[PDB]
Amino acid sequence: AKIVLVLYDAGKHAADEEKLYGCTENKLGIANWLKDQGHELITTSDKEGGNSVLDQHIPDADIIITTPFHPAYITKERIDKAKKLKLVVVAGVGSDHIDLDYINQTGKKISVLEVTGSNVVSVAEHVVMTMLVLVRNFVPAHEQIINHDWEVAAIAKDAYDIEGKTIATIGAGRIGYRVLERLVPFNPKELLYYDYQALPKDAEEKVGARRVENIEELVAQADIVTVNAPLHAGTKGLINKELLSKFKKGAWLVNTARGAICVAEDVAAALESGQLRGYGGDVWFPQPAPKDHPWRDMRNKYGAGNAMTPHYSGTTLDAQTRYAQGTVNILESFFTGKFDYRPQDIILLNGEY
């Protein structure tokens, strides 16, 4: 079987860290396994333009493996040319780069699987970390040290404890809930959530969570807001100038979900105005963020309140090990003809939901 694996080139970084499975140099740790089984593995980061290594191999690829961290766009056009395509894998979680709709609507016999649950802890930790960084004003504090300064009042004047804050999640899916779980022993004033359906009463109670009917009422009472929902018609451009005006004045906002859920210039304005005290997270639109993206240079009135990182929260080394293992499991399920996939991993099975 011919497998096309699309990942980024990690360059010298792959040489520094053998556990960095998720790059072209290290090949998810599956190269020898595939070779020993008689399979042909094409690994490439070249995924854009008709001339690309990806497109060269598409016509006779049996399997394509992709990553949200360097997503090969498995478009209608590519699917149509992929005459032997049987399985598309996401070595991680997130599938917007694959035209699931097209596969399902046509009824093409193509399975699409991802390593469900493998990303969740990593992102949830990143959220709580980012909350803490922002609320406790860590960034300018650290900057003082490395700049050979020491002016405690300059930091203290905008530093709080997370204790006694009201904390709101937009979305209480796997990540949102794991964030709430992690926030419990921090003794927030209250944990709150908005979602299209309720958490079960026992789940709500385990984290002391209260359901708020609408986002406007949710954000109005929240010291801290975190976005943990997918990008869709209900969430695209959700965090805009209008909704931001409904936030608590000097609220902190974290988004490790999708960049497009925010209107980027609206967030920058709100931070600079004091409507937000801080913003952080690792997701951008466009992504990778251009060098000029407003979220890079945006600061609050004190020159802080920015806890942005490149998009990496779900690709820690621990997450990458789970992605690599999960990819092997999926591939073994396929190669053996068992198709004994983990039910949660199945996005489409031979084109069906």
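Counting begins at 1, following the sequence as shown.
Q: Mean C-alpha B factor from the entry: is it higher for 30-38 or for 58-66?
A: Stretch with the greater average CA B-factor: 30-38.
Q: Mean CA temperature factor from the deposited coordinates, higher in 93-101 or in 241-249?
A: Between 93-101 and 241-249, it is 241-249 that shows the higher mean C-alpha B-factor.
Q: For the C-alpha B-factor as written in the entry, point me to the maximum among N119, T169, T130, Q221.
A: Spelled out: the listed residue with the top C-alpha B-factor is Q221.
Q: Whose C-alpha has the highest temperature factor in the PDB entry: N51, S313, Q325, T44?
A: Highest C-alpha B-factor among the listed options: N51.
Q: Report the third (lowest, middle or highest) to which the CA temperature factor of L87 belongs, ranking only the modelled residues of the same chain.
A: It belongs to the lowest third of the chain when residues are ordered by C-alpha B-factor.
Q: Per the entry's values, where does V112 land by CA temperature factor relative to the rest of its chain, in the lowest, middle or highest third?
A: According to the entry, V112 has a C-alpha B-factor in the chain's lowest third.
Q: Splitting the chain's C-alpha B-factors into thirds, which one does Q320 fall into?
A: Lowest third of the chain for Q320's C-alpha B-factor.
Q: With respect to C-alpha B-factor, does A154 fall in the lowest, middle or highest third of the chain as deposited?
A: Highest third of the chain for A154's C-alpha B-factor.
Q: Compare the C-alpha B factor of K76 with those of the other modelled residues in its chain, then answer lowest, middle or highest third.
A: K76: CA B-factor falls in the middle third of its chain.
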